[PDB]
C-alpha cells in the first residue's frame, strides 16, 4: 500500500492507495505517532505533505512522529513540488512546507490534463493556478498570486459577506451594507442549500445556531435590520444576490488567468465544487468529485501526493 499523508494541524487527511486499484480517504481531528502507526500496517511507501502553517518549527514533531510510525520509507513533498527524503533533506525543516495547491496541480498536470486551470475552492480561499503543457506555471508566493489573480479570497464558509461587495441589490435598489462581522459565506451556502447544515464547520459569527433561520438572522444584520423589519424571503434574496456576486467574482478571476495562456479547460475540486461548476459552466469543466468521488475532492492534497509518489515508483521500475 501507498499512503498520502496530508497533515494540516486542525484536520489531517490520509489517502490509502491499494494495489487492486481502490483507495480510501480518511479524516482525523485533534500521541501523533501512535496514531499514524495504526495506518502503517502493510505500508511500503508514504508521501508526506504539510498543508498547515506556522500556527504556533513544529515540523520536527510531525517528521519524528511520521518516522517512528512508517520508518525510513517516507517521501516528503517539497515546497517546489519535488519529493525529497525524510532523511537530512527534510529533517532540516524549511523546504518541507507546502501549499494547498502545489501537489494537487502537479497531480492534475500528469494524470488529468496537461493544459488547463486548476480551481480549488476550500472554505476560505480559492486557488486558481494555470497548467501549461504538463507544467504548473503559477507564481510562487501568495502576494504574486494575488497580483496574478491566481489567489482569490472567497470560500464556502469563512468569507465575510461584505468582502464580496460593500453594496448589494435590495428591493430593486443598490443598498449600502454594514462592515461589521455579522454573516459569512457559510450563511449564504446554508440558506441556498449549497451545503447541508452539517457542513457548517467554522464558528458562527454570533455564536448562534447554524440552521437556515439563524443564518437569515445573521444575513439581516448586514443591512442593519432583523427578521421583523424585513421578511425571511427578503433576507433570502440578499443571500441569492450575494451568491451572484460570488460566482461572478470567481468567473472573472478564472477568465483572467485563462486569457494568459489560452487555456480552455478547468479542473475543479474542494468544498466549493458545486458552486464552482455553477460559476464556470462556460468552460469545459473536469470535476474531481465526479471522476474520483466526493471524498477525494475534499482531500485532494493527500490523494495527489499519494498518486505522484506511486507513479514515480511504477515509473522508476517498469
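Positions refer to the first chain, counted from 1.
Visitor: Do any residues of the deposited sequence lie unmodelled between residue 30 and residue 31, and which range holds their number: none, 1 to 3, 4 to 9, or 10 or more?
Guide: Some 4 to 9 residues are missing between them.
Visitor: I'd like the number of residues from the deposited sequence that lie between residue 282 and residue 283 yet are not in the model, binned as none, 1 to 3, 4 to 9, or 10 or more.
Guide: The entry leaves nothing out here.
Visitor: Please compare 174 to 182 with 94 to 102 and name the stretch with the higher mean C-alpha B-factor in the deposited structure.
Guide: According to the entry, 94 to 102 carries the higher average C-alpha B-factor.
Visitor: With reference to the PDB entry, specify whether the mean Cα temperature factor is higher for 40 to 48 or for 57 to 65.
Guide: Taking the mean C-alpha B-factor of 40 to 48 and of 57 to 65, the larger value falls to 57 to 65.
Visitor: In this PDB entry, which of 167, 229, 159, 241 has the top CA B-factor?
Guide: It is 229.
Visitor: Name the residue from 248, 113, 198, 120 with the greatest C-alpha temperature factor listed in the entry.
Guide: Spelled out: the listed residue with the top C-alpha B-factor is 198.
Visitor: Splitting the chain's C-alpha B-factors into thirds, which one does residue 12 fall into?
Guide: Answer is highest: the recorded C-alpha B-factor places it there.
Visitor: Which third, lowest, middle or highest, does the CA B-factor of residue 22 fall in along this chain?
Guide: As the PDB entry reports it, the C-alpha B-factor of residue 22 lands in the middle third of its chain.
Visitor: Is the Cα B-factor recorded for residue 85 in the lowest, middle or highest third of its chain?
Guide: For residue 85, the deposited C-alpha B-factor lands in the middle third.
Visitor: Would you check the entry's CA temperature factor for residue 144 and let me know if it's in the chain's lowest, middle or highest third?
Guide: Its C-alpha B-factor, which the entry lists for residue 144, ranks in the lowest third among residues of this chain.
Visitor: Using the B-factor values recorded in the entry, state whether the Cα atom of residue 136 falls in the lowest, middle or highest third among the modelled residues of its chain.
Guide: Lowest third, going by the recorded CA B-factors of the chain.
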